[PDB]
Amino acid sequence: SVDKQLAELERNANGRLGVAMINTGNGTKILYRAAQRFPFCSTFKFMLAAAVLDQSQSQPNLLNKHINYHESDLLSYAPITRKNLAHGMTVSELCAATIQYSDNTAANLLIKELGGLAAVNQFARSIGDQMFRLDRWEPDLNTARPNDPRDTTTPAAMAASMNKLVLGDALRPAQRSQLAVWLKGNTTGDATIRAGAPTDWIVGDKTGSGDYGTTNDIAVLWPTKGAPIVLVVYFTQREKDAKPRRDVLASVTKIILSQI
Ligand SMILES: *C(=O)[C@@H]([C@@H]1N=C(C(=O)O)[C@@H](S[C@@H]2CN[C@H](C(=O)N(C)C)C2)[C@@H]1C)[C@@H](C)O
């Protein structure tokens with residue numbers, strides 16, 4: 001029983017947890033509050049990177065476009081764009097730094113490139129994600145305030161989106177392969193989904209955190225045995241200044257993967 005382990009974990013943690021798992025092997029799913037909205041935090045950047053890859057399908061030079069951004073574009077959390085300030089970065093490098101370091105300048109630059117917040121939402125709509133809603137730019141989208149639907153999705157919608165994009169036919173093969181490569185090279189995810197997964201598996205993920213101790217992580221897991229698995233874990237807590245609970249996500253992963 002996942003449900004009772006999950007509820008116990010959630011009650012002990014004093015948060016709300018949302019979980020969707022899809023096993024693309026047999027098509028089983030494990031759902032917990034899967035249809036409830038949660039602040040997506042940096043997990044949006046997954047959907048952002050996918051949208052950029054979608055436009056690159058029309059525009060063969062898009063990923064190679066060199067972006068000479070300036071000092072003014074730099075945000076508080078931007079280690080990789082800060083690193084490359086002098087020389088600029090390609091759109092492709094911007095997507096990698098957004099996914100793998102969650103760089104906020106790289107994200108905001110890619111939204112500009114797509115032509116605004118609404119372009120990401122319209123992309124989400126094009127793939128059948130009806131729950132995804134991006135309302136603000138980085139980093140204002142991480143306030144994660146109680147009962148604020150801004151900058152939110154559902155675990156189920158996000159899992160279905162990751163499924164279609166990484167493991168499905170929503171993108172052309174070069175694009176979707178690039179999307180999985182970016183994810184596999186994520187550097188921020190060691191303590192969350194990765195830490196609860198068998199040490200011989202490969203995990204591609206995008207993390208997220210914000211106020212109210214919001215702690216999120218979305219992943220494709222490549223097992224040693226069968227087909228890939230999509231896991232989306234969202235978690236949020238009572239108080240604004242809650243510390244993130246990366247251990248809760250690793251625990252969920254332990255709980256979920258045991259079942260399969
Ligand atoms: C989005 O989630 C944020 C950027 N992506 C992050 C991530 O995936 O780790 C963050 S948070 C990082 C870990 N916790 C610290 C923190 O600032 N929070 C607890 C809020 C640093 C990275 C800044 C960003 C847009 O909020």
Side-chain angles (χ1 to χ4, degrees), residues 13-18 37-52 69 73-83 89 93-112 114 117 120 124 132-146 148 150-153 155 158 161-162 179 182-197 203-220 231-250 252-253:
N14 290 138
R16 192 179 47 114
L17 186 65
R37 283 179 173 283
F38 284 79
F40 55 40
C41 297
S42 297
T43 68
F44 89 99
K45 296 173 175 151
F46 166 75
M47 185 69 96
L48 174 63
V52 176
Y69 51 93
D73 292 305
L74 290 177
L75 295 179
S76 156
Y77 195 81
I80 308 305
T81 53
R82 184 163 297 128
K83 166 170 195 306
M89 298 177 59
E93 291 173 359
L94 291 178
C95 301
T98 215
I99 300 286
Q100 297 180 346
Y101 289 89
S102 215
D103 188 293
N104 288 333
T105 291
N108 276 358
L109 292 170
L110 289 174
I111 297 168
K112 160 164 152 173
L114 289 151
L117 300 181
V120 187
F132 182 90
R133 58 177 284 192
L134 178 64
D135 286 283
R136 289 160 299 171
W137 302 73
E138 284 281 22
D140 304 318
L141 63 84
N142 302 274
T143 60
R145 302 299 181 234
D148 187 1
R150 287 175 303 177
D151 309 291
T152 63
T153 194
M158 187 57 135
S161 288
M162 193 148 211
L179 187 57
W182 285 334
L183 286 166
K184 284 155 49 91
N186 179 42
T187 72
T188 72
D190 283 358
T192 38
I193 287 168
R194 194 166 319 249
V203 180
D205 79 298
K206 177 73 208 76
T207 63
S209 77
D211 283 353
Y212 287 93
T214 304
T215 314
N216 298 337
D217 191 18
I218 71 184
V220 182
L231 177 57
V232 169
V233 195
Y234 287 144
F235 174 77
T236 193
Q237 307 174 59
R238 184 169 79 66
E239 288 192 2
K240 182 180 188 166
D241 55 357
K243 300 155 301 280
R245 296 297 312 260
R246 296 168 180 84
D247 60 279
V248 169
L249 272 66
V252 170
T253 298

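The chain is numbered in sequence order, starting from 1. Whatever order the structure lists ligands and atoms in, that order sets their numbers, starting from 1.
- Residues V120 and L114 are in side-chain contact: their nearest non-hydrogen atoms beyond the backbone lie under 4.5 Å apart.
- Smallest separation of non-hydrogen atoms from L75 and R82: O-NH2, 2.7 Å.
- Atoms of ligand 1 found under 4.0 Å from any heavy atom of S42, numbered from 1 in the order shown, are 1 (C), 2 (O), 3 (C), 4 (C), 5 (N), 6 (C), 24 (C), 25 (C).
- Considering only heavy atoms from C-beta on, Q237 stays 4.5 Å or farther from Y212 through its side chain.
- For ligand 1, the atoms closer than 4.0 angstrom to any heavy atom of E138 are 24 (C), 25 (C).
- Protein heavy atoms are absent from the space less than 4.0 angstrom from atom 21 (C) of ligand 1.
- For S209, the heavy-atom gap to ligand 1 drops under 4.0 angstrom.
- Judged purely by distance below 3.5 Å, without hydrogens or angles, the side chains of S102 and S42 pair a donor atom with an acceptor atom.
- Applying the side-chain contact (heavy atoms from CB on, under 4.5 Å) test between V252 and each of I193, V233, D217 identifies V233 as the sole match.
- Residue-ligand proximity, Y77 to ligand 1, at heavy-atom distances under 4.0 Å covers atoms 22 (C), 23 (C).
- Distances shorter than 4.0 angstrom do not occur between any heavy atom of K243 and any atom of ligand 1.
- Between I80 and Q100 there is no side-chain heavy-atom pair separated by less than 4.5 Å.
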Exercise. Given ring pair (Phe, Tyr, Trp, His ring centres under 6.0 Å), test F46 with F40 step by step and report yes or no.
Key: CA-CA 10 Å; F46 166 75; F40 55 40; over 10 Å; no
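- The N/O atoms of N142, backbone and side chain alike, include one that comes under 3.5 Å of an N/O atom in ligand 1.
- Between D151 and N142, every side-chain heavy-atom pair lies at or beyond the 4.5 Å cut-off.
- For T207, heavy-atom contacts with ligand 1 shorter than 4.0 Å involve the backbone as well as the side chain.
- Near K206, with a cut-off below 4.0 Å to any heavy atom, the atoms of ligand 1 are 8 (O).
- Per-residue contacts place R246 under 4.0 angstrom from the following atoms of ligand 1 (heavy atoms of the residue considered): 13 (C), 14 (N).
- Ligand 1 has no N or O atom lying under 3.5 Å from any N or O atom of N104, backbone or side chain.
- Proximity to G208 (heavy-atom distance under 4.0 Å) selects the following atoms of ligand 1: 2 (O), 8 (O).
- The closest side-chain heavy-atom distance from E138 to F44 is below 4.5 Å.
- Closer than 4.0 Å to atom 17 (O) of ligand 1 lies none of the heavy atoms of the protein.
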